[PDB]
Amino acid sequence: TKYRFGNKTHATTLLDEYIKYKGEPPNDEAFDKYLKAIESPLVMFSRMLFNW
Amino acid sequence: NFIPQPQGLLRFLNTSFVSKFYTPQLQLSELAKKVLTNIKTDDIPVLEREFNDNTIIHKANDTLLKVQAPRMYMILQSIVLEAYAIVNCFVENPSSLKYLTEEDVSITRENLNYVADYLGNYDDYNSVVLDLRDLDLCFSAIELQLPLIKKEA
Amino acid sequence: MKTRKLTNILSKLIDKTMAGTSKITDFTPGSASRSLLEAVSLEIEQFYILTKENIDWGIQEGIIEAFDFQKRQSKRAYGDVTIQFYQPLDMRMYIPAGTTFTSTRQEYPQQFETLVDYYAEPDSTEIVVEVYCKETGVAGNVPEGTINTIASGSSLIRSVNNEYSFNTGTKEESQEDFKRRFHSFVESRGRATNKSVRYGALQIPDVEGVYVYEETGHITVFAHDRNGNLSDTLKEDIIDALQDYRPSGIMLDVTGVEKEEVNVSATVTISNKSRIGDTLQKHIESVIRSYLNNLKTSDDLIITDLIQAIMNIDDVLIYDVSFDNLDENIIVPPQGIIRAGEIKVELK
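Residues numbered from 1 in each chain as written, not as in the entry; some residues may be left out. Chains lettered and ligands numbered in written order. Part of a larger assembly, values for the part shown. Heavy atoms only, no water.

Where the PDB entry is consulted, chain C appears under the name Baseplate component, with the organism given as Staphylococcus phage 812. Listed in the archive, the entry goes by the title "Cryo-EM structure of Staphylococcus aureus bacteriophage phi812 baseplate in the pre-contraction state - core, and wedge module proteins".

In the nomenclature of the PDB entry, chain A corresponds to Peptidase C51 domain-containing protein from the organism Staphylococcus phage 812.

Structure below.
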């Protein structure tokens, strides 16, 4: 709500990784991972019938 | 009851060296004069698409004859108006064909030869001359056939 | 060879006939001989012109056949279509796949069709679904309020309308763009240089408008797609492609590009008072927004190109354009791209 970009599932994935790694993941990509993620049968019968 | 015209043709139509064989006279036909006034005053319908990439589309405007030889450019406009005028009546509203006469087309062909010969000097812009030569023989057929059409009709 | 006009050929024929032991003959207008000579000269001029055109076409065809460099095909037009219902849906509804969207105006009879399934959830008075133009051409760049028909539509639908014009469909690849890309390829034959890395980055169809900023023992490439994003798979593909073209023994890196937003607040003067309307304002806004997009990286916000582009729609109808705050060109950094921006039209 307080920022331009918002999402539930994408943010939840970051939280799950953040929780599992106890807030100290091996790489800083996890913090920026959320930011980069967010910015016929009827036809066939009719067609073949026309062809014949 | 008029077909809408292209935007490019509408824009085009609404406004020393000398050849020894044929020369111009800058004379306008009576029929051509009437069509010019109608387009100038009445807001004729126009098209929005420009799919047809022929005639003046990227050939009459792309060439530098507009800025280099404006007097020659005036001749091309006169031929287009005369060419458009004769095509207008036969396709629709043939009542305006009465004003046309033999001398109207005779002067037009002489103008076409003069501008055509001048364009022959330029090697890059022979594409315009390609259509003019084909159009040149079209007017001659009308010149040798127009008197019979009016009497027949 | 050298182009020969009708008059020179006719003069040469007349000179040859006079010098060919023939004094009785005359070349006055209206004579059969003069007409035949003129026809022959016109035939020869036609042959020369067609020969020159065939030479140009053969040069183009030989350049195409030479090497493995060829132009890419056109892109199908696509956009967003808005649906308005009489009342919010009480229950979930399923749109059958392949639903056809068309219009009724004679100028734009082109059809559209959906590629993926969509569902209309209940308590939703509107739904937006992407569409694609079946015909490959610029005809899909319809103006605002053109697509107003839907096939296999239920009675719940009240209206069909597209909020913005597509302005995405394109014809075949332009000659100038193909020539420029070929120049990039020819300049990129010598590997281990800026141009080689440039061509290696630009050869992928998806990426567009990359920039290279060489540094001391460090190479940075700010690659982005037409949408300004950089997915991981496309980034890895670009890195793998550049690996062959990458100079040996030096670091390479890529970190996408950062977007910037500026509000132009343009104002335009229109000669025709009657033609002024909301539709023209929306068209101008869409044109300016599209011009903001599809812009490469590391180029200043030039205003001259903007005014010449917007004025290209109609030289006579559009009189003049002026701006309030962005008169001076805005210098963009290597990692900055001018894509976003809110446009407000203030007609005088």
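On we go.
Trainee: So, the overall build of chain C: which residues are in play, and what are the values?
Mentor: Per the secondary structure count, chain C includes 7 helices and 15 strands. The C-alpha atoms of chain C give a radius of gyration of 29 Å, which is well past the 20 Å a tight globule of 348 residues would have. Across its three principal directions, the C-alpha atoms of chain C cover 100 × 65 × 45 Å. A burial count over chain C gives 32% of its 348 residues as buried. Counting only carbon and sulfur atoms, one obtains 51% of the accessible surface of chain C, whose full area is about 21600 Å². Here chain C contributes 36 positively and 54 negatively charged side chains, and the mean placements of these two sets differ by 8 Å. (Helix = DSSP H or I, 4+ residues; strand = E, 2+ residues; numbered from the N terminus. Rg over C-alpha atoms; globule rule 2.2 N^0.38 Å. Buried < 20%, exposed > 50% of the residue type's maximum accessible area, 1.4 Å probe, protein only. Areas by Shrake-Rupley, 256 points an atom, 1.4 Å probe, with all protein chains shown as cover. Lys, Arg positive; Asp, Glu negative; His and termini not counted. Charge placed at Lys NZ, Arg CZ, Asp CG, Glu CD.)

Trainee: So what's going on with the interface of chain C and chain A? Which residues, and what values?
Mentor: Taken residue by residue, the interface counts 4 residues in chain C and 4 residues in chain A. Approximately 280 Å² of surface area, both sides summed, lies buried where chain C meets chain A, with 22% of it carried by carbon and sulfur atoms. When the area that chain C buries against chain A is broken down by residue, the three leading residues are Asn 229, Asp 232 and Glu 261 of chain C, summing to 75%. Joining chain C to chain A, the criterion identifies 2 salt bridges. (Contact = heavy atoms within 4.5 Å. Buried area = accessible area lost by both parts, 1.4 Å probe. Salt bridge = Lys/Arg side-chain N within 4 Å of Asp/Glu carboxyl O.)

Trainee: Describe the side chain of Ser 96 of chain B, and please don't skip the residues or the numbers.
Mentor: Residue and element names in this part refer to chain B. With respect to the element layout, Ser 96 can be found in the loop between α4 (70-91) and α5 (102-121). A polar side-chain atom of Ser 96 sits 3.4 Å from the main-chain carbonyl oxygen of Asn 93. Setting aside anything within four residues of it in sequence, one finds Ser 96 in contact with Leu 31, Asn 88 and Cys 89. (Polar contact = N/O pair within 3.5 Å; in protein donor to acceptor, adjacent residues only side chain to side chain.)

Trainee: Before we move on, can you summarise helix α6 (residues 278-292) of chain C with the specific residues and values?
Mentor: Residues that lie three or four places apart on an α-helix share one face, since the helix turns once every 3.6 residues. All names here are of chain C. With 15 residues, α6 should reach 21 Å at 1.5 Å per residue; the first-to-last C-alpha distance of 21 Å fits that figure. Along α6, the residues that are buried comprise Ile 284, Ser 286, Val 287, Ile 288 and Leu 292. On its buried face, α6 is in contact with α7 (303-311) and β15 (336-340). In the stretch just after α6, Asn 294 is the one whose phi turns positive, near 60 degrees. (Expected span 1.5 Å × (residues − 1).)

Trainee: With reference to specific residues and values, describe the pairing of strand β1 (residues 78-85) of chain C.
Mentor: Relative to strand β6 (residues 126-133) of chain C, β1 of chain C runs antiparallel, the two sharing 7 bridges. Its bridge partner being in β6 of chain C, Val 81 of chain C is matched across the sheet by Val 129 of chain C. (Pairing = 2+ DSSP bridges.)

Trainee: Give a detailed account of the nonpolar core, specifying residues and quantitative values.
Mentor: Ranked by internal contacts, the top residues of the largest apolar core, which has 38 residues, are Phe 12, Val 35, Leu 65, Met 72, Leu 100, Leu 119 and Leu 132 of chain B. Of all the secondary structure elements, the ones that give two or more residues to this core are α1 (7-13), α2 (30-41), α4, α5 and α6 (126-143) of chain B. No other element matches α4 of chain B, which puts 12 residues into this core. Residues contacting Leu 132 of chain B, with those up to four places away along its chain left out, are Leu 76, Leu 112 and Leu 119 of chain B. Counting 22 residues, the second largest nonpolar core, distinct from the first, contains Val 262, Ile 288, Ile 318 and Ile 343 of chain C. (Core = buried A, V, L, I, M, F, W, Y, C linked by side-chain atoms within 4.5 Å.)

Trainee: Explain a negative patch on the surface to me, and be specific about the residues and the numbers.
Mentor: Taken together, the side chains of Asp 206, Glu 236, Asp 237, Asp 240 and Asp 244 of chain C make up a negatively charged region of the molecular surface. Turning to its location among the elements, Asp 240 of chain C is positioned in helix α5 (residues 232-245). (Patch = residues over 30% accessible without salt bridge, like charges linked within 9 Å, V, L, I, M, F, W, Y side chains within 5 Å.)

Trainee: So, the sheet that holds strand β10 (residues 218-221) of chain C: which residues are in play, and what are the values?
Mentor: Either a parallel or an antiparallel arrangement is found when strands of a sheet pair, and the pairing is made through backbone hydrogen bonds. Residue and element names in this part refer to chain C. The strand order β9-β10-β11 describes an open sheet built from 3 strands, whose pairing is mixed. Two strands in the sheet have a free side with no partner beyond their single neighbour: β9 (212-215) and β11 (252-254). Across the sheet, the axes of successive neighbouring strands diverge by a mean angle of 20 degrees, strand direction being ignored. In this sheet, β10 lies alongside β9 in antiparallel orientation, the contact comprising 4 bridges. By the bridge assignment, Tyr 213 is partnered in β10 with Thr 220. (Axes fitted to C-alpha atoms, helices over the stretch in contact; angles between N-to-C directions.)

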